[PDB]
Structures are given as structure tokens and as C-alpha cells.
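The next block holds one structure in the form of C-alpha cells; read it before the comments.
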Amino acid sequence: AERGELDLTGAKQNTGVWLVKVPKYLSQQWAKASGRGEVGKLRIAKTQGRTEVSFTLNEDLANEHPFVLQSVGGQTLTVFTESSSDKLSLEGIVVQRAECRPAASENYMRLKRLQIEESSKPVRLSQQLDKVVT
Amino acid sequence: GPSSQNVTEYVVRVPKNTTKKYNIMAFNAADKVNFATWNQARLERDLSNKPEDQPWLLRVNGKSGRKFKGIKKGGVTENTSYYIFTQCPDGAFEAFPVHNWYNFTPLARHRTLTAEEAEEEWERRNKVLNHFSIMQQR
Amino acid sequence: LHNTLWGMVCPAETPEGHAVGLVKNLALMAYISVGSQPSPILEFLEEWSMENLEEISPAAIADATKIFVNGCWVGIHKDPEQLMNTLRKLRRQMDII
Amino acid sequence: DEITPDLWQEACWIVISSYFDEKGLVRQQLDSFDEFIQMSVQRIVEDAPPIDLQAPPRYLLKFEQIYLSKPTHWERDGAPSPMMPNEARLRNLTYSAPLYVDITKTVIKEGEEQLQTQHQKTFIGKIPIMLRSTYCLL
Amino acid sequence: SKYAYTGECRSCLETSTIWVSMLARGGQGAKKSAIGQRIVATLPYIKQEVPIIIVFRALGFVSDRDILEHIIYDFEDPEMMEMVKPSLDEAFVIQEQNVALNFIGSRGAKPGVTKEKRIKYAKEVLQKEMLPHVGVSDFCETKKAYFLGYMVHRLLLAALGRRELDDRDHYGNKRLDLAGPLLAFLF
Amino acid sequence: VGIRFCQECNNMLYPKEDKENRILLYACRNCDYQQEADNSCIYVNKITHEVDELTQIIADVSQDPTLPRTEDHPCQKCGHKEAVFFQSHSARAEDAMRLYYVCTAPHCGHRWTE
Amino acid sequence: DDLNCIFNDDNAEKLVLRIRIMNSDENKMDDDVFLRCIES
Ligand SMILES: [Zn+2]
Ligand SMILES: [Zn+2]
């Protein structure tokens, strides 16, 4: 029992967590939801020799996101926490890694272009003065 | 059986503001870390600078065990976001947004060569023979 | 005269005297690229399946393809042919790149 | 359908006729000066650190958007007039345009009176204009 | 000269030259060529040639497994291992990061008074002059390590005969300063 | 034939012999970790450089639209008639100008020589 | 005579030698580093 001690009960329980990469518009929609209670549904389907992971956006949040699994054993990933009371703890170990991709193929680039217009807003260029200053 | 066609649904949720911050730290693949020997641990801000913009120092089981140094991930979270999914008895996944990412490297505890005697050692730039006769004097 | 000066620089145009081959001038079809910030290409590649160089496992960057943007190493990618097809397609459509 | 081998000797020459009608023979010079004036100048100004002062009161000067006007000439009486390129050649003048910057001057008097003055477009010099660029009279 | 292969990566940002390189076989016997061909780096504002392993230890990587991972990607082929081990044999004097930074700072033109100055000076010159394009902010350290590892990997590949030697007269390796960048530099 | 890393501080392991039991053993620079046999080969080195060049050839060379394509020599593994042939031309000299054929079928990175 | 060798008949493919070190220098340069230095 000390300030610098990290709680290691999560590692002793062998709790397995998932780390997933998502694109920025999904994060923006989740931030706009402001934790109402639900942002979407996570779907998993296992066949006789293959698996299929996807995420479906909430219909209210909108007004398909297939997932791709990847190799994990190249590194060992675990998650710890820091509290306001300075009580460090360990949540668990990452056992599976995935990434999120949009199902939109051609129209999605349009949104990318709009984000370009959202990202080219603060960059600023010189102007021409018709009249010299007075 | 049921495991061949297991179809289950998990509710996801993200909190807005919370009391405790969340971070990610990683070990090396071949470091061979074991958490069962971590009877006592310490994680404190290093005094080599002399606070939040400083590296961490981690120590396991006091001076007897191994110790690590922690550095911040260089990639800024401007276009990147990482969340942690934890199992709960209620079942609703609670997405924890990341605050910072950390990385720890092992540091052994032994007799360590100092720079002042390394200045004397440097005369044996290429004349040095019997390399394991250096640490015997140390 | 070097082999890579094909349509880049004129093979005939050269001053006489002490500056033979040091001074040369452009061919008729040679537009010198003026410059662009690599941020749209970098965030575009981050959208696709680039593992970040700092995030990637050590023993996983031998079987993959290193990506270089403006000479700075930014990560790896496991499917280079599809990446080249997508990059060439967007370059021909000149909408993002 | 497709270009037959008979029509190719006209087709490719129409293609490069369109190229030379759009771009021109001197395009690397003009586009380089364009991407020097439109960008880089203000990127250089903004990338420069804001100069800091001390004495105690603290003055901080921060640079901002870079204006550039059409090339002008000021005669003996001080009359600004647009200057012809031929006027520049005949009178042995320098074709140049005056460059303007907005500077924000933030005051600190250790009493929470941070009331910055948005000092407007101030004259700092002249850049020699490359002829027939977009920031030229022609 | 004595420098068999050179790994120039003249670097800038929106310049500083690094001259990582490799000694030839000029000496013989146990006196110089007892180990093999060493690999050494020149650095921009220090005035002498520190070995590349000492630089990598100054980056903050004590373990040599991570070092040879950065240098060599596939551990199956031993050729790069047996070419890179002599500079590891010239790297047992320094084992930890602060001694490496002290040695590098003391190797400069104007060394500091004590550790508080030499460590800070070496950290600064390693911070915002070592390869400015890959990283200039303080939290840019392992990208520098990976880029230098790729650099030494290129040097070893050209040493043992896979990568062809680059040529200056190839215009793929050459840029043209027009009025734009030149007036930008002056401005 | 190769070197390994100690599992205590991840450093080099040079081989030597001890003065007590007469067997080869690896050691680190700061360890008590001694290794064992089955790697009794220290400095293998092919001076004749007769190494096989059919190992460093990447299977992706099929997708390079500059190398010549032939159809006279079919693939030995998958039986595809078309193939891609090229020369080595590394930094080595006095090298034989053989053709290292690579099958051009997808999901078959077979390479051979003749 | 500090580098005695055992030569092989030419019938075999190897044609190898078996240079060792003897009691002439065994009864600061260590072993396996002196042998590699004389190999160089
Ligand atoms: Zn060790
Ligand atoms: Zn085949």
C-alpha cells in the first residue's frame, strides 16, 4: 500500500481486451453523441473456418463499418490507469487487434474532400491590395 | 455446438468526463516480463531533471528487482484516437478515450562504468585485449 | 550527358569552353515541380492500412513495405500493390493528391 | 473510338499545342514566384518566433497575415502611383511592391491588464516583383 | 582515402549533413583489423567521429537487441550480424545513455564544464540537429532511431553487395532551386 | 553460424570454454547466464561467395512493368506458362549472366534458374 | 611451427585443413581471438 503502487489484479485475472483503430468521423460522431448511452452495435459472425467482424452505426447518430483483424503476437500490449487519488491500476492485456474501415467506396472520398476543406480553413495565404495603404 | 455459430451482442458507450485518466504502456516482445513477481511496484517522476512534461521512472520490488524508464509516445493525438474496451458485469462496453501513450525499456542493476574512468579507458581504443578484464577491476 | 536527362534537359544545348556540361537548359516539355505540403498524403495514408512506425512491432517491418513521404520514414504497409493502384488512381483524378 | 496511325501526327501536336497555350515557355519561373509570394512569405513570417521583451512589464509582439500590393512608385512630392514596367526600364527604376504586416502587440503589467493593440498594416519593405506573375501589374 | 563507404543524408525542413560511414581495410593483424570493418558516424556540429552504436545508445536504447533490430530487420541472415558486430566490439566502454551523451558532448569543439552542461549540449545537438526532417520536437526520438537504423541498413546492404552505389549525376537524386525557394531563403 | 541474445539484459553472447568441464559455452558482458551446445560453429564465412542468389529475390518482382516476360519456359510449381526473367547485377563483379526466372502467376512466388 | 596442420587426401570433396594450437604457446591475447586474428 503506497502512492506509487500499481494495482495488478487485472493482470492476475488474465482479462483480455481489444484495441481497435477507427477513422476520425466516427470519433467526431461519438463526441457529438456526448455519451447518450448508445452509439452503435458491434456484430460478430463465426463460420466453419472463418470469422467476420463489423460495426453498425446507430440510425439516430447518423442523422456499415467492417472490421479487419491483424496480427498481435509481435508485441505485448497492456493498459494501465492513473486516478485523481494517485492510485495506479492495471486494466488488462490486449489479446486481439482490429481496425475499422468504411463501407463507402466512391462517395467517401467526397467526405474526405470536405474534410480537406475543413483542414484548409486555418491555412492562410497572402492577398493582393488594389490600393496602396493610406 | 453453440460455439460454432456463437451470435452475441455487446452494447458500447463512451463517457464524456471521468475522474481517472487512461493511458497505454507497452513492453518489448522479447523482454520476458512477468507480473506474478510484482509484489511491490513504484512509479514516480524522475529527479534527474531537477513535472508532467518529464519521463517516468518505474521500479519493481524496490532495489532488488528490475527497473524501467518511461517515455511518451511521439505521435500526437490530432488525427489518432485509441479506446479501451473492458468487460463489466452489466455488459455495456465503456469506451475510455486515451490521454497519453507511454513506453518502458528495461534497465539492469549492476556495477556501471563511469565517464571519468572511461576517459582513462579510451586510451585502449583498439589496443584493448581480454575485454572481460575491465569489469573485474570495477 | 547522363541517361536520365531524357526530355528533362536538352542534349544539344551546351555552352562552349570552361562551362561545358555544367550549364544546361530545360527541354520544351519540362515542368519543374513547385512544391506541396505532404499533410494531405500523410493523413490519407493514415486513413488506409498504414501501421505507424512508432506503433508497429519491431519484428514486423521485415516482411512489409516501408513508406517514405518526402524522404521521412513514416511506417510500413503489408499490401503495396493495392496502395500503388490507389495512389496512382487518385493522382490521375488530381482530387486529393 | 481510337486514334488511327494516320491521325496521330496531328493529334499529338494538337495536344502539345494545348499544353504550350496553357502553360507557356516560362512557367517554372512564374509558378515559383507565385508559390514564393502566395505561400512561404507568410509561412516564414508566422514560423518566426514571436519576439519577447522584459524590463516588470512584459511586451510580446506577434506577427500575422502578410499583405502585398501592386507595384508603386513614389516621386519627389510623395505621390504613390502605379509604376509601368517600361517606366521602370526607362528611368532605371526597381520594379518592386511594398509588403505589409499586421502586428499584435500584447501588453503585460503584472496586474492582469492584458489589452493587446492590433497594430494594423505596417510597411516593412519591398519585394522585387517578377514580371507577368499574378502579383504584377501585367 | 580511408573511408570505404559513405551514407550521406543531407537533411533540411520546410540544412544539416550527416556523414555516417565505414572504415576500409587499411590496417591488418590484431592491431586494427582484429574484428572487421567498423561502422562510424560523423555528426553535424561536433567535430569528431563517434561510432554509430554510441549514438544509438545516446538515443536511449540500452539493449543491443533493439539496436540490432533497428539495424537488421530479418534475423535469419547472419551476414549483416557478422558485419555489424565489430562496432559492438568497439562499444563496451559505454553501456548507459548518460555516459554516451557525456562522451558525445565532450567530443564536441567546445565541451561543457561538467555533466550539467555536456549532457544538455549533447541532448540539444542530438535533439534539433540530428535529422531535422524526421523530428524536431522533444518527443521525437524513436523515429530518429528507426531512420538511422534504416540508414545503417542501407550502408550494410551496399557494403555486402545488394544495393547499387548511388550516383550524384542521376537527376532523380537532384533538385532545382528556382526563384521561389531562393528568394524564400533570402527572405 | 549465428549469434543469439541473453534473456537478462539482451546483449551479445560470445563463445568461450571454461577451465572446469571442457565444453563450449556462450557468455554475455554482464551476466552469469551461460548457454549450451548445438551451435558449435563460430565464424563460418564463404570466401568463394558461391552463395545462392535464389534467396534474396523478392516474389513481388512479377508486378514490375519493366522486366521482360517470356512464355517458352513454364513454371515448375504451378504450371503457368508465362514468367519473368532478369539478371542479378548486384555490386558483385565477374558474375555469371544467368537468368533468374520468376513465375508471374499471383499467389505463386516460385523462382528458379537455368 | 606454432600452426600445425593436418592435410587431406585429394579424393575427398572437402580438401580441408585442421590448424590448431599446441603446447608451444599453451604450456595477454586470449583464445578464439588469437585464432581469428591469425585467420585474418
Ligand atoms: Zn546479458
Ligand atoms: Zn508458378
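The chains in the C-alpha cells are called A, B, ... from first to last as shown; in each chain the residues are counted from 1, and the ligands are counted from 1 in the order shown.
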
| Residues within 12 Å of ligand 1, counting only C-alpha atoms and all ligand atoms, as JSON, numbers by chain | {"B": [107, 108, 109, 110], "E": [62, 63, 64, 65, 95], "F": [4, 5, 6, 7, 8, 9, 10, 11, 12, 13, 14, 26, 27, 28, 29, 30, 31, 32, 33, 34, 35]}

| task | Taking only C-alpha atoms into account, report as a PyMOL selection string which residues of chain G lie within 10 Å of chain F. | result | chain G and resi 30-33+36

Export, as a PDB file, in the first residue's frame, the selected residues with C-alpha atoms.
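Result saved to out_0.pdb:
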ATOM      1  CA  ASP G  30      43.131 -14.787 -25.499  1.00  0.00           C
ATOM      2  CA  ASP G  31      41.912 -17.861 -27.357  1.00  0.00           C
ATOM      3  CA  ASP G  32      39.353 -17.644 -30.224  1.00  0.00           C
ATOM      4  CA  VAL G  33      40.559 -14.059 -30.677  1.00  0.00           C
ATOM      5  CA  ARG G  36      40.578 -15.267 -35.643  1.00  0.00           C
TER       6      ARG G  36
END

Kindly assemble as a tab-separated table a list of the chain F residues that lie within 6 Å of ligand 2, each paired with its nearest atom pair and their distance in Å to one decimal, using only C-alpha atoms and all ligand atoms, sorted first by chain and then by ascending residue number.
residue	atom	partner	partner_atom_place_in_ligand_line	distance
F:75	CA	ligand 2	1 (Zn)	4.7
F:77	CA	ligand 2	1 (Zn)	5.2
F:78	CA	ligand 2	1 (Zn)	4.0
F:79	CA	ligand 2	1 (Zn)	5.7
F:80	CA	ligand 2	1 (Zn)	5.3
F:103	CA	ligand 2	1 (Zn)	4.6
F:105	CA	ligand 2	1 (Zn)	5.3
F:108	CA	ligand 2	1 (Zn)	4.9
F:110	CA	ligand 2	1 (Zn)	5.6

Output N, CA and C atoms of each residue in that selection to a file, as a compact mmCIF listing (two decimals), in the first residue's frame.
# COMPACT_ATOMS: atom_id res chain seq x y z
N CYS F 75 6.21 -22.42 -65.51
CA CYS F 75 6.51 -22.55 -64.10
C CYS F 75 6.57 -24.01 -63.68
N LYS F 77 6.33 -25.05 -60.48
CA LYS F 77 5.44 -25.31 -59.36
C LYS F 77 3.97 -25.30 -59.78
N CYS F 78 3.49 -24.17 -60.26
CA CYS F 78 2.07 -24.01 -60.57
C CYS F 78 1.73 -24.24 -62.03
N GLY F 79 2.73 -24.42 -62.89
CA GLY F 79 2.46 -24.73 -64.28
C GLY F 79 2.06 -23.56 -65.16
N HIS F 80 2.23 -22.33 -64.69
CA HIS F 80 1.92 -21.17 -65.52
C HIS F 80 2.97 -21.01 -66.61
N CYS F 103 8.14 -16.96 -61.71
CA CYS F 103 6.79 -17.18 -62.22
C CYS F 103 5.92 -15.95 -61.98
N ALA F 105 2.50 -15.83 -62.07
CA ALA F 105 1.16 -16.06 -61.56
C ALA F 105 1.03 -15.49 -60.15
N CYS F 108 1.89 -17.30 -56.27
CA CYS F 108 2.92 -18.30 -56.56
C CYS F 108 4.21 -17.53 -56.80
N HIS F 110 7.24 -18.58 -56.99
CA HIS F 110 8.29 -19.54 -57.29
C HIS F 110 9.38 -18.89 -58.15

| In chain A, what's helix (DSSP H, G or I) per DSSP? Answer as a VMD selection string? | chain A and resid 9 to 12 24 to 33 59 to 62 108 to 119

Just N, CA, C and O atoms for this one: save the residues we selected as a short mmCIF file (atom, residue, chain, number, x, y, z; two decimals), in the first residue's frame.
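Written file, part_27.cif:
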data_model
loop_
_atom_site.label_atom_id
_atom_site.label_comp_id
_atom_site.auth_asym_id
_atom_site.auth_seq_id
_atom_site.Cartn_x
_atom_site.Cartn_y
_atom_site.Cartn_z
N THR A 9 -4.39 -6.52 -10.16
CA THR A 9 -5.44 -7.53 -10.11
C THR A 9 -5.97 -7.86 -11.50
O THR A 9 -6.38 -9.00 -11.74
N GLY A 10 -5.97 -6.89 -12.41
CA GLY A 10 -6.45 -7.15 -13.76
C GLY A 10 -5.58 -8.12 -14.53
O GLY A 10 -6.07 -8.93 -15.32
N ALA A 11 -4.26 -8.06 -14.31
CA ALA A 11 -3.35 -9.00 -14.95
C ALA A 11 -3.49 -10.40 -14.37
O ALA A 11 -3.34 -11.39 -15.09
N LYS A 12 -3.77 -10.49 -13.06
CA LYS A 12 -3.92 -11.79 -12.43
C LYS A 12 -5.20 -12.48 -12.85
O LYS A 12 -5.28 -13.72 -12.83
N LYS A 24 -11.64 9.15 -38.22
CA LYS A 24 -11.90 10.33 -37.40
C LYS A 24 -13.36 10.76 -37.41
O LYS A 24 -13.80 11.40 -36.45
N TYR A 25 -14.11 10.45 -38.46
CA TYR A 25 -15.51 10.86 -38.49
C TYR A 25 -16.34 10.07 -37.48
O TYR A 25 -17.29 10.61 -36.90
N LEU A 26 -15.99 8.80 -37.26
CA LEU A 26 -16.64 8.01 -36.23
C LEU A 26 -16.36 8.59 -34.84
O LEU A 26 -17.25 8.65 -33.99
N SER A 27 -15.12 9.02 -34.61
CA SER A 27 -14.77 9.66 -33.34
C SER A 27 -15.51 10.99 -33.17
O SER A 27 -15.94 11.32 -32.06
N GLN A 28 -15.64 11.76 -34.25
CA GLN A 28 -16.39 13.01 -34.19
C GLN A 28 -17.86 12.77 -33.88
O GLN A 28 -18.47 13.52 -33.11
N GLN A 29 -18.45 11.73 -34.48
CA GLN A 29 -19.84 11.41 -34.20
C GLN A 29 -20.03 10.93 -32.77
O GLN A 29 -21.03 11.25 -32.12
N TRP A 30 -19.07 10.15 -32.25
CA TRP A 30 -19.14 9.71 -30.86
C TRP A 30 -18.97 10.88 -29.90
O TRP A 30 -19.59 10.89 -28.83
N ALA A 31 -18.15 11.86 -30.26
CA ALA A 31 -18.03 13.07 -29.44
C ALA A 31 -19.30 13.90 -29.50
O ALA A 31 -19.70 14.52 -28.50
N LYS A 32 -19.94 13.95 -30.67
CA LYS A 32 -21.19 14.70 -30.81
C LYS A 32 -22.33 14.02 -30.06
O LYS A 32 -23.27 14.70 -29.63
N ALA A 33 -22.27 12.69 -29.90
CA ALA A 33 -23.28 11.98 -29.14
C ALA A 33 -23.25 12.35 -27.67
O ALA A 33 -24.29 12.34 -27.00
N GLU A 59 -28.79 4.60 -36.10
CA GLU A 59 -29.56 5.37 -37.07
C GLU A 59 -29.77 6.80 -36.59
O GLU A 59 -29.79 7.74 -37.40
N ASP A 60 -29.94 6.99 -35.28
CA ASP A 60 -30.07 8.34 -34.74
C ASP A 60 -28.75 9.09 -34.79
O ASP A 60 -28.73 10.31 -34.98
N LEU A 61 -27.63 8.37 -34.63
CA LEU A 61 -26.32 9.02 -34.66
C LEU A 61 -25.95 9.46 -36.07
O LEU A 61 -25.26 10.47 -36.24
N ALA A 62 -26.40 8.71 -37.08
CA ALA A 62 -26.11 9.08 -38.46
C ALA A 62 -26.81 10.38 -38.85
O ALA A 62 -26.23 11.21 -39.56
N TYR A 108 -17.14 8.19 -50.33
CA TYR A 108 -16.39 8.54 -49.13
C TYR A 108 -15.32 9.58 -49.40
O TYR A 108 -15.04 10.43 -48.54
N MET A 109 -14.68 9.50 -50.57
CA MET A 109 -13.68 10.49 -50.97
C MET A 109 -14.25 11.90 -50.95
O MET A 109 -13.53 12.86 -50.62
N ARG A 110 -15.52 12.06 -51.33
CA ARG A 110 -16.19 13.35 -51.23
C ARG A 110 -16.13 13.89 -49.81
O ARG A 110 -15.77 15.06 -49.59
N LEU A 111 -16.45 13.05 -48.82
CA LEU A 111 -16.34 13.47 -47.42
C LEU A 111 -14.90 13.82 -47.09
O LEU A 111 -14.64 14.81 -46.38
N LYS A 112 -13.94 13.03 -47.60
CA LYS A 112 -12.53 13.35 -47.45
C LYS A 112 -12.23 14.74 -47.99
O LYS A 112 -11.55 15.53 -47.33
N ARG A 113 -12.77 15.05 -49.17
CA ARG A 113 -12.59 16.38 -49.76
C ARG A 113 -13.16 17.45 -48.85
O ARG A 113 -12.56 18.52 -48.67
N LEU A 114 -14.34 17.19 -48.26
CA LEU A 114 -14.92 18.15 -47.33
C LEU A 114 -14.03 18.33 -46.11
O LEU A 114 -13.86 19.45 -45.63
N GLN A 115 -13.44 17.24 -45.62
CA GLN A 115 -12.51 17.36 -44.50
C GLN A 115 -11.27 18.13 -44.92
O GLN A 115 -10.70 18.86 -44.10
N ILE A 116 -10.86 17.99 -46.18
CA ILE A 116 -9.79 18.82 -46.73
C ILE A 116 -10.20 20.29 -46.66
O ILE A 116 -9.42 21.15 -46.24
N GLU A 117 -11.46 20.58 -47.03
CA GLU A 117 -11.97 21.94 -46.90
C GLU A 117 -12.06 22.35 -45.44
O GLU A 117 -11.93 23.53 -45.11
N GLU A 118 -12.27 21.38 -44.54
CA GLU A 118 -12.24 21.70 -43.12
C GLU A 118 -10.81 21.84 -42.62
O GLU A 118 -10.59 22.51 -41.61
N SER A 119 -9.84 21.23 -43.30
CA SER A 119 -8.46 21.31 -42.88
C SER A 119 -7.69 22.42 -43.58
O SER A 119 -6.65 22.85 -43.06
#

| Members of chain B assigned strand (DSSP E or B) by DSSP, as a VMD selection string | chain B and resid 10 to 13 21 to 27 41 to 45 56 to 60 67 to 72 83 to 84 93 to 94 96 to 97 100 to 107

Keeping only N, CA and C atoms, write those residues as a CSV table (one decimal), in the first residue's frame.
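Saved file again06.csv follows:
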chain,number,residue,atom,x,y,z
B,10,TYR,N,-23.1,-6.9,-27.9
B,10,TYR,CA,-22.5,-6.1,-26.8
B,10,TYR,C,-22.7,-4.7,-27.0
B,11,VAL,N,-23.3,-4.0,-26.0
B,11,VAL,CA,-23.6,-2.6,-26.0
B,11,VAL,C,-22.3,-1.8,-25.7
B,12,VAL,N,-22.1,-0.7,-26.5
B,12,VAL,CA,-21.0,0.2,-26.4
B,12,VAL,C,-21.4,1.5,-25.9
B,13,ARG,N,-20.6,2.2,-25.1
B,13,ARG,CA,-20.9,3.5,-24.6
B,13,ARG,C,-19.6,4.2,-24.3
B,21,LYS,N,-7.7,9.1,-15.3
B,21,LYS,CA,-7.2,9.2,-16.7
B,21,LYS,C,-6.8,7.8,-17.1
B,22,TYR,N,-6.7,7.6,-18.4
B,22,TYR,CA,-6.4,6.4,-19.1
B,22,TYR,C,-5.2,6.5,-20.0
B,23,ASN,N,-4.2,5.6,-19.9
B,23,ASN,CA,-3.0,5.6,-20.7
B,23,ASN,C,-2.6,4.2,-21.1
B,24,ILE,N,-1.7,4.2,-22.1
B,24,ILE,CA,-1.3,2.9,-22.7
B,24,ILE,C,0.2,2.8,-22.6
B,25,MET,N,0.7,1.7,-22.0
B,25,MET,CA,2.2,1.5,-21.9
B,25,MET,C,2.5,0.1,-22.4
B,26,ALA,N,3.6,-0.1,-23.0
B,26,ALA,CA,4.0,-1.3,-23.7
B,26,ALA,C,5.4,-1.8,-23.4
B,27,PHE,N,5.6,-3.1,-23.3
B,27,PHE,CA,6.9,-3.7,-23.1
B,27,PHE,C,7.4,-4.2,-24.5
B,41,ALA,N,5.5,-2.4,-6.4
B,41,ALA,CA,5.8,-1.6,-7.5
B,41,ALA,C,5.8,-0.1,-7.1
B,42,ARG,N,6.6,0.7,-7.8
B,42,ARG,CA,6.7,2.1,-7.7
B,42,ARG,C,6.8,2.8,-9.1
B,43,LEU,N,6.1,3.9,-9.2
B,43,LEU,CA,6.1,4.7,-10.5
B,43,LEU,C,6.1,6.1,-10.1
B,44,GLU,N,7.2,6.8,-10.3
B,44,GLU,CA,7.4,8.2,-9.8
B,44,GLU,C,8.2,9.0,-10.8
B,45,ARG,N,8.0,10.3,-10.7
B,45,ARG,CA,8.6,11.2,-11.7
B,45,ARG,C,10.1,11.4,-11.3
B,56,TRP,N,9.0,9.2,-16.8
B,56,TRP,CA,8.7,8.4,-15.6
B,56,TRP,C,9.8,7.5,-15.3
B,57,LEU,N,9.9,7.1,-14.0
B,57,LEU,CA,10.8,6.0,-13.5
B,57,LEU,C,10.0,5.0,-12.8
B,58,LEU,N,10.1,3.7,-13.2
B,58,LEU,CA,9.3,2.6,-12.7
B,58,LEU,C,10.3,1.7,-12.0
B,59,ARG,N,9.9,1.2,-10.8
B,59,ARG,CA,10.8,0.3,-10.0
B,59,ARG,C,9.9,-0.9,-9.5
B,60,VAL,N,10.5,-2.1,-9.6
B,60,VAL,CA,9.8,-3.3,-9.2
B,60,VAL,C,10.5,-3.9,-8.0
B,67,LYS,N,14.1,-2.5,-13.0
B,67,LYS,CA,13.5,-1.1,-13.1
B,67,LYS,C,13.6,-0.6,-14.5
B,68,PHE,N,12.6,0.2,-14.8
B,68,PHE,CA,12.3,0.7,-16.2
B,68,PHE,C,12.3,2.2,-16.2
B,69,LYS,N,12.4,2.8,-17.4
B,69,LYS,CA,12.2,4.2,-17.6
B,69,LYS,C,11.2,4.4,-18.7
B,70,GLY,N,10.2,5.3,-18.4
B,70,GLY,CA,9.1,5.5,-19.3
B,70,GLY,C,9.1,6.9,-20.0
B,71,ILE,N,8.9,6.8,-21.3
B,71,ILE,CA,8.9,7.9,-22.2
B,71,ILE,C,7.5,8.0,-22.9
B,72,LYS,N,7.2,9.2,-23.3
B,72,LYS,CA,5.9,9.5,-24.0
B,72,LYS,C,6.0,9.1,-25.5
B,83,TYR,N,-9.1,3.7,-27.9
B,83,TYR,CA,-10.1,3.4,-26.8
B,83,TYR,C,-9.8,2.0,-26.2
B,84,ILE,N,-10.2,1.8,-25.0
B,84,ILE,CA,-10.0,0.6,-24.2
B,84,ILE,C,-11.4,0.0,-23.9
B,93,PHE,N,-20.1,-2.2,-22.9
B,93,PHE,CA,-18.8,-1.7,-23.0
B,93,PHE,C,-18.6,-0.2,-22.8
B,94,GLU,N,-17.7,0.2,-22.1
B,94,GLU,CA,-17.4,1.6,-21.7
B,94,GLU,C,-16.1,2.0,-22.4
B,96,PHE,N,-13.0,4.0,-23.2
B,96,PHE,CA,-12.2,5.0,-22.5
B,96,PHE,C,-11.3,5.7,-23.4
B,97,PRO,N,-11.5,7.0,-23.8
B,97,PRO,CA,-10.5,7.7,-24.6
B,97,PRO,C,-9.1,7.8,-24.0
B,100,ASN,N,-2.6,9.7,-22.8
B,100,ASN,CA,-1.3,9.7,-23.3
B,100,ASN,C,-0.9,8.2,-23.6
B,101,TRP,N,0.2,8.0,-24.3
B,101,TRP,CA,0.7,6.7,-24.6
B,101,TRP,C,2.2,6.7,-24.1
B,102,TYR,N,2.5,5.7,-23.4
B,102,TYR,CA,3.9,5.6,-22.7
B,102,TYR,C,4.6,4.3,-23.2
B,103,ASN,N,5.9,4.3,-23.0
B,103,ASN,CA,6.7,3.2,-23.4
B,103,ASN,C,7.9,3.0,-22.4
B,104,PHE,N,8.1,1.8,-22.0
B,104,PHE,CA,9.1,1.5,-21.0
B,104,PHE,C,10.1,0.5,-21.5
B,105,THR,N,11.4,0.8,-21.2
B,105,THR,CA,12.5,0.0,-21.6
B,105,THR,C,13.3,-0.5,-20.3
B,106,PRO,N,13.7,-1.8,-20.3
B,106,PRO,CA,14.4,-2.3,-19.1
B,106,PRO,C,15.7,-1.7,-18.9
B,107,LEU,N,16.1,-1.7,-17.6
B,107,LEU,CA,17.4,-1.2,-17.2
B,107,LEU,C,17.9,-2.1,-16.1
